[PDB]
């Protein structure tokens, strides 16, 4: 359908680091994260005591949350760069993007899968903020379905968090994110 971009949700101009959340979704790490302008850079060897908790996700800040109906039809964009020893054969075990949202009695988590970026390649992802390619978190492996338009829109009615994968490949040494924006009409 038509989407006329009005503006974008972004990090604040002065916001130069983001926290990492662990794979258990229960611990936040800031140590080891350095702004190396223009990128936010996580150095695995500078967060050794938390490495046992990987994989990690970047947690977007709170301006991306709440009522985001106006984002329906637009793109979530960001740029990833990572260095690792080799690729994993299975970059879908951990979704690329995780969003929780929704109104009372309807809240739920949905996930978006993407092929991992190539090692060493600054990679600009564009994730359409509509239902088509999204999956429900926690579906049994025998259940093969996609997210409904109504559920996607209920989630956008009240976003609770947006997480972007930070861990890629085997023996990842560093990972970077920049150029984060979400279009709104």
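Residue numbers count along the first chain shown, from 1.
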{"item": "Of 173 to 181 and 13 to 21, the stretch whose C-alpha atoms average the higher B-factor in the entry", "value": "13 to 21"}
{"item": "Of 107 to 115 and 84 to 92, the one with larger mean CA B-factor", "value": "84 to 92"}
{"item": "Out of 66, 61, 38, 138, residue topping the C-alpha B-factor column of the entry", "value": "138"}
{"item": "Candidate residues 151, 128, 45, 158, the one whose C-alpha B factor the record puts highest", "value": "45"}
{"item": "Record-listed C-alpha B factor of residue 51: chain third", "value": "highest"}
{"item": "CA B-factor ranking of residue 34, expressed as a third of its chain", "value": "middle"}
